[PDB]
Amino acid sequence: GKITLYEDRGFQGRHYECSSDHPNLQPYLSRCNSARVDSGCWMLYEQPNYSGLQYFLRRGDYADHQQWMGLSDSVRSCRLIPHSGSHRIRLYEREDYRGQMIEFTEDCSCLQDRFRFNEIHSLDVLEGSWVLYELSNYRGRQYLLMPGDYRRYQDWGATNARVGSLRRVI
């Protein structure tokens, strides 16, 4: 993977290129307002160490932060999302893998239609990486989900359990 991040819109100003995860971009960028993804899928984070608000980017050129649905000019860490062979995820209504479970192998743009619930309290990512979205139709806060077990919503970097949609990283 390869991404180049720029301080100003339109690929102008001081920039930094990456091909791997960086938990601290602050020595290289004082702000970020455009990006060019040459290869790979990436998650940008507002704070260091992969915390705060998250934004998913795929190949292509993003001339300002709004083009990745960002809400600020702050990008302080980034992840290269590893390639996914297949996709499979189990979502649970209650913490620690209790309550109603539903398994997905495809995208879901309205989780509420299936759970008849508005919140997910634990999940296991069996195959592939995914992005969970707070709102339906891939809107609101984003949370990257990589293979692994997540016992509580805090484990995917959320401050509440609200979820509305779910997409495979392809």
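Just count from 1 along the sequence shown to find any residue number.
Judged by mean Cα B factor in the deposited record, 116-124 ranks above the other of 116-124 and 136-144. In this entry, 106-114 shows the higher mean Cα temperature factor of the pair 106-114 and 127-135.
When the modelled residues of the chain are ordered by C-alpha B-factor, residue 79 sits in the lowest third. Ranked by C-alpha B-factor against the other modelled residues of its chain, residue 170 falls in the highest third.
Among all modelled residues in its chain, residue 87 ranks in the middle third by Cα B-factor.
The entry lists a Cα temperature factor for residue 156 that places it in the highest third of the chain's modelled residues.
In the PDB entry, a CA B factor belonging to the highest third of its chain's modelled residues is recorded for residue 58.
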